[PDB]
Amino acid sequence: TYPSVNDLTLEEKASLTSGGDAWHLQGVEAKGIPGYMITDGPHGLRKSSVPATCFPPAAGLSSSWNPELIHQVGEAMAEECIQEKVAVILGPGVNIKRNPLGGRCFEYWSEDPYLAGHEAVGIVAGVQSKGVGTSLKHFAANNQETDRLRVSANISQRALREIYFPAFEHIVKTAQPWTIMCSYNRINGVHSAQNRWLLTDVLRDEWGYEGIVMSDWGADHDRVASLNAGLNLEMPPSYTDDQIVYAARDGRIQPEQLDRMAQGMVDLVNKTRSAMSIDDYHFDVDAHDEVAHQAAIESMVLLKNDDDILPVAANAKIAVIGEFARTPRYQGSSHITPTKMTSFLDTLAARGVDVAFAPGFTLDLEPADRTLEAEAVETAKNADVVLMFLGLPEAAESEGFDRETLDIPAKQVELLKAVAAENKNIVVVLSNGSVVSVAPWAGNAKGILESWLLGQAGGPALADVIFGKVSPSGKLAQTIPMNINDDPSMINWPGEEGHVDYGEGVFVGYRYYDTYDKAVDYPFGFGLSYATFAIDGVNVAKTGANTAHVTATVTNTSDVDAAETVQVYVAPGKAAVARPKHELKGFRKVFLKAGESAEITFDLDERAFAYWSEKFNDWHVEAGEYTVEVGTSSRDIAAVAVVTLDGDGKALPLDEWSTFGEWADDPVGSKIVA
């Protein structure tokens, strides 16, 4: 069907393998192939500073554990693309947060592969449900900014298969992103743009990826090598398509390979053609801002709430302290000019809530201002509750850099200590793109709300949660450690001499903490609410040789309507390989009014019990007992049940060098035992 690569000359085929400019696909308009615009936006359209809805960055939205809501954010993002003639929006990013100091953590979802895949899929399915393409971003293992253009992430196969791949694998198999962006870095000596094993063997031959692969901007170093590896599109164009033409003529590129790569670029245009032919579409600004309002509400995690200081009685004498309340930090250039943004101060003002405001500190690296500090003390001294807004200024999360500390600015801690001496009823609201330490100063706050980055609608969302219009329901998508030196990756971070060795293997984040009995400040999947919940009726049943099914009831046992996120972990027995004590294998968020109960189920397929075996070169379910844990946190388990699986029966060629235990576990060798 016209057009295809059969309708193109060699020069036209090769031109399709690199964009028209830094923001457009290659246009062959003479043969009906328009060069549609490609632009950023993991949390909203970022064209070019064109007003768009700034949704909460993923570091916040990952607190929702709500794929349906994330799917809804994607639909709004696509409709804005349809207005602005944008065929592909460059997101979402699903790289594992190996270390919380990673500079791009604000744009990623979790430290856990299952959570990242089952959350971020909402962006892909949502956007493309409107006919607009996405770009599953930085494939793969782009977990740091330090030396990102050169460093080789040296990773074992197990860690690649179990940690850094599954989020990519799930989104490719469940949805089907029309575009994938490879990472700048090398993996075991090979740049991703040039890695045929990554882009072809794994992505396409094993997983069935049907879409296109593009490079990150500048990531294509060898035009011919990248094309042969499976990279369809060089971005931005270096104006070197002549190298594809020459190589296609002298046998360095098989004609089938160029046809496959270029035809994919034609298919992308055809997949996005309908949405780009819609004339004079204008998206509902207020409707999209309300999606951002709801997305912002579910991006907050309540960490502590002594004496139920939250919610605030709304008629109370409020002292608002912290420049973040007047000059909000709500995103991560990645700047999106919001359609509308109202700060927390203007939100309380527009709602009739009368407060006393004191900046307290500045959002710069300048030393502490004793004058501003004293004013903030005089405020809150005359107040029922003090809402203090702390966190990281933009320069503490400078673009292109990894953090060197988890701490919030020291002068903000000093102000909190000084305020606490005159008023103990303090609620601290945190603004930060990635994990900040909490325990060193938590003693000065009765309530701690971790609001991450909320997007353009953070103001109204904060008022609704803090004043009890809605209960917070966020669960940590990231572990909050007692100290960065507890992280098993810190020893190999950020690397040296062009390489960083992922020596921790599969033991990343809570996978390490929960296995070696290490204290953390707040565990993965933790979060408080204004309501109380109870889990009972938990029943786990085997449904096959190596599958099980989970059934449980969750009940709102309070007088407050709120949501609870039930979490399922699999705790395997002693295995032939090292494994974390448990791993997240399912979750369900349920909105329940006061007194209501709900029955929820979880399917646990063979992959819920399987590790990657480098001996089998494949997933392997080992025979034995597996503990299914049901709870509301990785360290809040309500009920457990043991299932016994048969094993997947995979056998090994046996030789003299093997051990009797390798035959005892082999189906062919099990008969030789007796």
# chains A, B, ... in the order shown; residues from 1 in each chain; ligands from 1
>>> select_by_dssp(residues="region 149-346 of chain A", states="strand (DSSP E)", output="VMD selection string")
chain A and resid 152 to 154 179 to 182 186 to 187 190 to 191 212 to 214 301 to 305 318 to 321
>>> write_last_selection(atoms="N, CA, C and O atoms", output="compact mmCIF listing (two decimals), in the first residue's frame")
# COMPACT_ATOMS: atom_id res chain seq x y z
N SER A 152 30.52 2.74 30.40
CA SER A 152 30.01 1.41 30.12
C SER A 152 29.40 0.85 31.40
O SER A 152 30.11 0.61 32.38
N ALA A 153 28.09 0.64 31.39
CA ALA A 153 27.45 -0.06 32.49
C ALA A 153 27.74 -1.54 32.31
O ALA A 153 27.22 -2.17 31.39
N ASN A 154 28.60 -2.08 33.17
CA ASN A 154 28.99 -3.48 33.13
C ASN A 154 28.07 -4.26 34.06
O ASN A 154 28.17 -4.15 35.29
N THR A 179 7.57 3.81 19.11
CA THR A 179 8.93 4.30 19.06
C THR A 179 9.62 3.97 20.38
O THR A 179 8.98 3.96 21.44
N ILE A 180 10.91 3.63 20.30
CA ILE A 180 11.75 3.42 21.46
C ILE A 180 13.00 4.27 21.28
O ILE A 180 13.53 4.38 20.17
N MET A 181 13.47 4.89 22.37
CA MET A 181 14.71 5.67 22.36
C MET A 181 15.79 4.89 23.09
O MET A 181 15.61 4.53 24.26
N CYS A 182 16.91 4.66 22.42
CA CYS A 182 18.03 3.99 23.07
C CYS A 182 18.80 4.99 23.93
O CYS A 182 18.69 6.21 23.77
N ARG A 186 27.08 2.78 27.16
CA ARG A 186 27.43 1.44 26.73
C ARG A 186 26.97 0.43 27.77
O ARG A 186 26.87 0.75 28.97
N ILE A 187 26.67 -0.78 27.32
CA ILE A 187 26.38 -1.91 28.20
C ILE A 187 27.39 -3.00 27.87
O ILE A 187 27.33 -3.59 26.78
N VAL A 190 29.42 -1.93 24.66
CA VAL A 190 28.71 -1.63 23.42
C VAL A 190 27.71 -0.51 23.68
O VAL A 190 26.83 -0.65 24.55
N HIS A 191 27.83 0.59 22.94
CA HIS A 191 26.83 1.65 22.99
C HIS A 191 25.47 1.09 22.56
O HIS A 191 25.39 0.26 21.66
N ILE A 212 9.72 1.18 16.17
CA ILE A 212 10.95 1.80 15.70
C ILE A 212 11.86 2.08 16.89
O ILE A 212 11.40 2.30 18.01
N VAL A 213 13.17 2.09 16.63
CA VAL A 213 14.17 2.50 17.61
C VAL A 213 14.85 3.76 17.08
O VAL A 213 15.31 3.79 15.93
N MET A 214 14.89 4.79 17.91
CA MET A 214 15.64 6.00 17.60
C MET A 214 16.72 6.20 18.64
O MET A 214 16.64 5.71 19.77
N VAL A 301 2.85 11.16 49.23
CA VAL A 301 2.96 10.08 50.20
C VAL A 301 3.00 10.70 51.60
O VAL A 301 3.84 11.56 51.87
N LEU A 302 2.09 10.27 52.47
CA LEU A 302 2.08 10.68 53.87
C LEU A 302 3.03 9.78 54.65
O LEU A 302 2.76 8.58 54.83
N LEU A 303 4.14 10.34 55.14
CA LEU A 303 5.13 9.53 55.83
C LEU A 303 4.85 9.42 57.33
O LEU A 303 4.99 8.34 57.90
N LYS A 304 4.47 10.52 57.97
CA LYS A 304 4.25 10.54 59.41
C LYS A 304 3.09 11.49 59.69
O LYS A 304 2.86 12.44 58.95
N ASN A 305 2.35 11.20 60.76
CA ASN A 305 1.18 12.00 61.10
C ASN A 305 0.86 11.85 62.58
O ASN A 305 -0.21 11.35 62.95
N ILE A 318 -3.36 29.44 60.61
CA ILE A 318 -2.32 28.74 59.88
C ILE A 318 -1.12 29.65 59.72
O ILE A 318 -1.26 30.85 59.44
N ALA A 319 0.07 29.09 59.92
CA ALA A 319 1.32 29.77 59.61
C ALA A 319 2.00 28.99 58.49
O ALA A 319 2.43 27.85 58.69
N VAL A 320 2.10 29.61 57.32
CA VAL A 320 2.74 28.97 56.18
C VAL A 320 4.15 29.54 56.08
O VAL A 320 4.34 30.75 55.97
N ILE A 321 5.15 28.65 56.15
CA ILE A 321 6.56 29.03 56.14
C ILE A 321 7.28 28.24 55.06
O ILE A 321 7.05 27.04 54.89
>>> residues_around(residues="residue 532 (chain A)", least_positions_apart="4", cutoff="7 Å", atoms="only C-alpha atoms", output="JSON, numbers by chain")
{"A": [556, 557, 558]}
>>> residues_around(residues="residue 399 (chain A)", least_positions_apart="3", cutoff="8 Å", atoms="only C-alpha atoms", output="PyMOL selection string")
chain A and resi 103+332-333
>>> residues_around(residues="residue 275 (chain A)", least_positions_apart="5", cutoff="10 Å", atoms="only C-alpha atoms", output="number ranges by chain")
A: 78-79, 81-83, 85-87, 128, 130-133, 270
>>> write_last_selection(atoms="N, CA, C and O atoms", output="CSV table (one decimal), in the first residue's frame")
chain,number,residue,atom,x,y,z
A,78,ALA,N,-1.9,13.0,24.6
A,78,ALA,CA,-2.0,12.8,23.2
A,78,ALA,C,-2.9,13.9,22.5
A,78,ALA,O,-2.6,14.4,21.4
A,79,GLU,N,-4.0,14.3,23.2
A,79,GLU,CA,-4.9,15.3,22.7
A,79,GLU,C,-4.2,16.6,22.5
A,79,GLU,O,-4.4,17.4,21.6
A,81,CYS,N,-1.0,16.8,21.9
A,81,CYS,CA,-0.2,16.6,20.7
A,81,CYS,C,-1.0,16.8,19.4
A,81,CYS,O,-0.5,17.3,18.4
A,82,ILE,N,-2.2,16.3,19.4
A,82,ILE,CA,-3.1,16.4,18.2
A,82,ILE,C,-3.4,17.9,17.9
A,82,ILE,O,-3.4,18.2,16.7
A,83,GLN,N,-3.5,18.7,18.9
A,83,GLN,CA,-3.7,20.1,18.6
A,83,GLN,C,-2.4,20.7,18.0
A,83,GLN,O,-2.5,21.6,17.1
A,85,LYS,N,0.1,19.3,16.4
A,85,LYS,CA,0.7,18.6,15.3
A,85,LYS,C,2.0,17.9,15.6
A,85,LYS,O,3.0,18.0,15.0
A,86,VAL,N,1.9,17.1,16.8
A,86,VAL,CA,3.1,16.4,17.3
A,86,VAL,C,2.7,14.9,17.2
A,86,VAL,O,1.8,14.4,17.8
A,87,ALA,N,3.5,14.1,16.3
A,87,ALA,CA,3.1,12.7,16.1
A,87,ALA,C,3.7,11.8,17.1
A,87,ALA,O,3.1,10.8,17.4
A,128,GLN,N,-1.2,6.5,22.8
A,128,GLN,CA,-1.5,5.8,21.5
A,128,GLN,C,-2.9,5.5,21.3
A,128,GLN,O,-3.3,5.2,20.1
A,130,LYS,N,-5.1,7.5,21.3
A,130,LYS,CA,-5.6,8.7,20.6
A,130,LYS,C,-5.0,8.8,19.2
A,130,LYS,O,-5.2,9.7,18.5
A,131,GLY,N,-4.1,7.8,18.9
A,131,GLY,CA,-3.4,7.8,17.6
A,131,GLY,C,-2.1,8.5,17.6
A,131,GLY,O,-1.6,8.8,16.5
A,132,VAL,N,-1.5,8.9,18.7
A,132,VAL,CA,-0.2,9.6,18.8
A,132,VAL,C,0.8,8.6,19.3
A,132,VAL,O,0.5,7.8,20.3
A,133,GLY,N,2.0,8.7,18.8
A,133,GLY,CA,3.1,7.8,19.2
A,133,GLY,C,3.8,8.3,20.5
A,133,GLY,O,3.8,9.4,20.8
A,270,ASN,N,2.5,6.2,8.9
A,270,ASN,CA,1.1,5.7,8.7
A,270,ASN,C,0.3,5.5,10.0
A,270,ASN,O,-0.9,5.7,10.0
>>> residues_around(residues="region 484-491 of chain A", least_positions_apart="2", cutoff="9 Å", atoms="only C-alpha atoms", output="list in words")
residues 98, 99, 100, 101, 405, 406, 437, 481, 482, 493, 494, 495, 502, 503, 504, 507, 508, 509, 512, 513, 518, 519 and 520 of chain A
>>> atom_distance(atom1="CA of residue 210 (chain A)", atom2="CA of residue 611 (chain A)")
25.9 Å
>>> closest_residue(among="A:62, A:263, A:272, A:315", to="residue 7 (chain A)", atoms="only C-alpha atoms")
A:263
>>> atom_distance(atom1="CA of residue 29 (chain A)", atom2="CA of residue 177 (chain A)")
24.7 Å
>>> residues_around(residues="residue 619 (chain A)", least_positions_apart="3", cutoff="10 Å", atoms="only C-alpha atoms", output="CSV table (one decimal) with C-alpha atoms, in the first residue's frame")
chain,number,residue,atom,x,y,z
A,158,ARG,CA,20.7,-11.9,35.5
A,161,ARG,CA,17.1,-9.7,32.6
A,162,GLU,CA,15.5,-9.3,36.1
A,606,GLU,CA,5.1,-18.5,36.0
A,607,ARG,CA,7.2,-15.3,35.7
A,609,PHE,CA,8.1,-17.3,40.5
A,610,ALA,CA,10.9,-17.4,37.9
A,611,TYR,CA,14.5,-16.1,38.0
A,612,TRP,CA,16.8,-15.8,35.0
A,613,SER,CA,19.2,-18.7,34.8
A,614,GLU,CA,22.5,-18.1,33.0
A,615,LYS,CA,22.9,-21.8,32.9
A,616,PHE,CA,19.6,-22.3,31.1
A,622,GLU,CA,12.4,-24.1,40.4
A,648,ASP,CA,9.2,-26.0,34.7
A,650,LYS,CA,13.9,-27.7,32.0
>>> residues_around(residues="region 244-254 of chain A", least_positions_apart="3", cutoff="12 Å", atoms="only C-alpha atoms", output="ChimeraX atom specification")
/A:9-18,222-230,232-234,239-241,257-262
>>> select_by_dssp(residues="region 286-328 of chain A", states="alpha helix (DSSP H)", output="number ranges by chain")
A: 286-297
>>> atom_distance(atom1="CA of residue 566 (chain A)", atom2="CA of residue 632 (chain A)")
4.9 Å
>>> closest_residue(among="A:624, A:328, A:264, A:41", to="residue 55 (chain A)", atoms="only C-alpha atoms")
A:41
>>> decode(residues="region 381-494 of chain A", atoms="C-alpha atoms", output="PDB file, in the first residue's frame")
ATOM      1  CA  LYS A 381       4.449  31.390  67.334  1.00  0.00           C
ATOM      2  CA  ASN A 382       0.994  32.872  66.752  1.00  0.00           C
ATOM      3  CA  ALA A 383      -0.642  29.898  65.065  1.00  0.00           C
ATOM      4  CA  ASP A 384      -2.507  26.652  65.614  1.00  0.00           C
ATOM      5  CA  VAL A 385      -0.589  24.747  62.920  1.00  0.00           C
ATOM      6  CA  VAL A 386       2.500  25.693  60.907  1.00  0.00           C
ATOM      7  CA  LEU A 387       2.721  24.310  57.363  1.00  0.00           C
ATOM      8  CA  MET A 388       6.435  24.421  56.532  1.00  0.00           C
ATOM      9  CA  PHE A 389       7.415  23.775  52.912  1.00  0.00           C
ATOM     10  CA  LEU A 390      10.942  22.390  52.538  1.00  0.00           C
ATOM     11  CA  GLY A 391      12.874  20.528  49.891  1.00  0.00           C
ATOM     12  CA  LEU A 392      15.394  20.862  47.095  1.00  0.00           C
ATOM     13  CA  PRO A 393      15.765  24.070  45.068  1.00  0.00           C
ATOM     14  CA  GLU A 394      16.435  23.681  41.360  1.00  0.00           C
ATOM     15  CA  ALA A 395      20.205  24.119  41.788  1.00  0.00           C
ATOM     16  CA  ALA A 396      20.244  21.171  44.209  1.00  0.00           C
ATOM     17  CA  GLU A 397      19.006  19.100  41.224  1.00  0.00           C
ATOM     18  CA  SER A 398      20.958  20.710  38.385  1.00  0.00           C
ATOM     19  CA  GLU A 399      20.231  19.156  34.995  1.00  0.00           C
ATOM     20  CA  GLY A 400      22.831  16.736  33.671  1.00  0.00           C
ATOM     21  CA  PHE A 401      24.270  16.016  37.131  1.00  0.00           C
ATOM     22  CA  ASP A 402      23.855  13.360  39.787  1.00  0.00           C
ATOM     23  CA  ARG A 403      23.312  14.504  43.357  1.00  0.00           C
ATOM     24  CA  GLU A 404      26.124  14.086  45.861  1.00  0.00           C
ATOM     25  CA  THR A 405      23.956  14.147  49.001  1.00  0.00           C
ATOM     26  CA  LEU A 406      20.461  13.058  49.971  1.00  0.00           C
ATOM     27  CA  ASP A 407      20.054  15.903  52.482  1.00  0.00           C
ATOM     28  CA  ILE A 408      17.838  18.962  52.035  1.00  0.00           C
ATOM     29  CA  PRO A 409      19.625  22.335  52.461  1.00  0.00           C
ATOM     30  CA  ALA A 410      21.089  22.768  55.948  1.00  0.00           C
ATOM     31  CA  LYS A 411      19.677  26.264  56.481  1.00  0.00           C
ATOM     32  CA  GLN A 412      16.188  24.796  55.957  1.00  0.00           C
ATOM     33  CA  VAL A 413      16.913  22.274  58.707  1.00  0.00           C
ATOM     34  CA  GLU A 414      18.134  25.085  60.974  1.00  0.00           C
ATOM     35  CA  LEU A 415      14.905  27.009  60.377  1.00  0.00           C
ATOM     36  CA  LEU A 416      12.846  23.924  61.214  1.00  0.00           C
ATOM     37  CA  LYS A 417      14.764  23.472  64.483  1.00  0.00           C
ATOM     38  CA  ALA A 418      14.222  27.133  65.381  1.00  0.00           C
ATOM     39  CA  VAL A 419      10.513  27.030  64.565  1.00  0.00           C
ATOM     40  CA  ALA A 420      10.095  23.792  66.544  1.00  0.00           C
ATOM     41  CA  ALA A 421      11.393  25.541  69.672  1.00  0.00           C
ATOM     42  CA  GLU A 422       8.331  27.819  69.657  1.00  0.00           C
ATOM     43  CA  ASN A 423       5.668  25.599  68.046  1.00  0.00           C
ATOM     44  CA  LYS A 424       5.698  21.802  67.941  1.00  0.00           C
ATOM     45  CA  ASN A 425       2.584  21.469  65.731  1.00  0.00           C
ATOM     46  CA  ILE A 426       4.578  21.415  62.497  1.00  0.00           C
ATOM     47  CA  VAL A 427       3.656  19.790  59.191  1.00  0.00           C
ATOM     48  CA  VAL A 428       6.562  19.606  56.735  1.00  0.00           C
ATOM     49  CA  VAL A 429       5.682  19.320  53.025  1.00  0.00           C
ATOM     50  CA  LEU A 430       8.590  18.127  50.864  1.00  0.00           C
ATOM     51  CA  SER A 431       9.409  19.243  47.307  1.00  0.00           C
ATOM     52  CA  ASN A 432      12.059  17.094  45.647  1.00  0.00           C
ATOM     53  CA  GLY A 433      12.674  15.213  42.414  1.00  0.00           C
ATOM     54  CA  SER A 434      14.318  12.241  44.138  1.00  0.00           C
ATOM     55  CA  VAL A 435      14.716  10.775  47.622  1.00  0.00           C
ATOM     56  CA  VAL A 436      15.767  13.185  50.341  1.00  0.00           C
ATOM     57  CA  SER A 437      16.759  12.089  53.827  1.00  0.00           C
ATOM     58  CA  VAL A 438      14.043  12.566  56.445  1.00  0.00           C
ATOM     59  CA  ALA A 439      15.115  10.919  59.719  1.00  0.00           C
ATOM     60  CA  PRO A 440      17.834  13.477  60.696  1.00  0.00           C
ATOM     61  CA  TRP A 441      15.144  16.150  61.229  1.00  0.00           C
ATOM     62  CA  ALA A 442      11.830  14.248  61.459  1.00  0.00           C
ATOM     63  CA  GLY A 443      11.764  14.768  65.239  1.00  0.00           C
ATOM     64  CA  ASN A 444      10.850  18.426  64.687  1.00  0.00           C
ATOM     65  CA  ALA A 445       7.759  17.596  62.601  1.00  0.00           C
ATOM     66  CA  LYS A 446       4.545  15.929  63.710  1.00  0.00           C
ATOM     67  CA  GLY A 447       3.381  15.520  60.115  1.00  0.00           C
ATOM     68  CA  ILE A 448       5.540  14.825  57.046  1.00  0.00           C
ATOM     69  CA  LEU A 449       3.984  14.876  53.581  1.00  0.00           C
ATOM     70  CA  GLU A 450       6.306  13.855  50.735  1.00  0.00           C
ATOM     71  CA  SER A 451       4.799  15.582  47.691  1.00  0.00           C
ATOM     72  CA  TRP A 452       7.733  15.067  45.267  1.00  0.00           C
ATOM     73  CA  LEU A 453       6.971  17.123  42.152  1.00  0.00           C
ATOM     74  CA  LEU A 454       3.264  17.697  41.563  1.00  0.00           C
ATOM     75  CA  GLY A 455       3.078  19.529  38.231  1.00  0.00           C
ATOM     76  CA  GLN A 456       1.056  22.625  37.464  1.00  0.00           C
ATOM     77  CA  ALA A 457      -1.882  21.638  39.721  1.00  0.00           C
ATOM     78  CA  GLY A 458       0.071  21.068  42.946  1.00  0.00           C
ATOM     79  CA  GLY A 459      -1.451  24.087  44.674  1.00  0.00           C
ATOM     80  CA  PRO A 460      -5.080  22.946  44.708  1.00  0.00           C
ATOM     81  CA  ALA A 461      -4.032  19.335  45.306  1.00  0.00           C
ATOM     82  CA  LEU A 462      -2.075  20.262  48.438  1.00  0.00           C
ATOM     83  CA  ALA A 463      -5.053  22.188  49.818  1.00  0.00           C
ATOM     84  CA  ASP A 464      -7.390  19.230  49.255  1.00  0.00           C
ATOM     85  CA  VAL A 465      -5.096  16.771  51.042  1.00  0.00           C
ATOM     86  CA  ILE A 466      -3.837  18.986  53.873  1.00  0.00           C
ATOM     87  CA  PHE A 467      -7.350  20.228  54.669  1.00  0.00           C
ATOM     88  CA  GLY A 468      -9.000  16.848  54.296  1.00  0.00           C
ATOM     89  CA  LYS A 469     -11.048  17.305  51.140  1.00  0.00           C
ATOM     90  CA  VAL A 470      -9.323  14.075  50.036  1.00  0.00           C
ATOM     91  CA  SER A 471      -7.187  11.575  51.889  1.00  0.00           C
ATOM     92  CA  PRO A 472      -3.590  11.011  50.700  1.00  0.00           C
ATOM     93  CA  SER A 473      -3.040   7.563  49.230  1.00  0.00           C
ATOM     94  CA  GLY A 474       0.529   7.543  47.893  1.00  0.00           C
ATOM     95  CA  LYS A 475       2.895   4.639  48.468  1.00  0.00           C
ATOM     96  CA  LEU A 476       6.659   4.933  48.085  1.00  0.00           C
ATOM     97  CA  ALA A 477       7.924   3.858  44.670  1.00  0.00           C
ATOM     98  CA  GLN A 478      11.426   4.408  46.107  1.00  0.00           C
ATOM     99  CA  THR A 479      13.118   3.291  49.317  1.00  0.00           C
ATOM    100  CA  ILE A 480      14.059   6.056  51.752  1.00  0.00           C
ATOM    101  CA  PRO A 481      17.276   4.806  53.399  1.00  0.00           C
ATOM    102  CA  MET A 482      18.848   5.849  56.674  1.00  0.00           C
ATOM    103  CA  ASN A 483      22.027   6.779  54.760  1.00  0.00           C
ATOM    104  CA  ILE A 484      23.171   6.625  51.129  1.00  0.00           C
ATOM    105  CA  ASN A 485      26.099   4.488  52.304  1.00  0.00           C
ATOM    106  CA  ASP A 486      23.611   1.700  53.041  1.00  0.00           C
ATOM    107  CA  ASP A 487      22.799   1.364  49.326  1.00  0.00           C
ATOM    108  CA  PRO A 488      24.650  -1.667  47.894  1.00  0.00           C
ATOM    109  CA  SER A 489      25.384   0.330  44.711  1.00  0.00           C
ATOM    110  CA  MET A 490      27.203   3.202  46.436  1.00  0.00           C
ATOM    111  CA  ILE A 491      30.447   1.214  46.324  1.00  0.00           C
ATOM    112  CA  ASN A 492      30.130   1.188  42.515  1.00  0.00           C
ATOM    113  CA  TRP A 493      28.800   4.720  42.011  1.00  0.00           C
ATOM    114  CA  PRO A 494      29.315   6.582  39.739  1.00  0.00           C
TER     115      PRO A 494
END
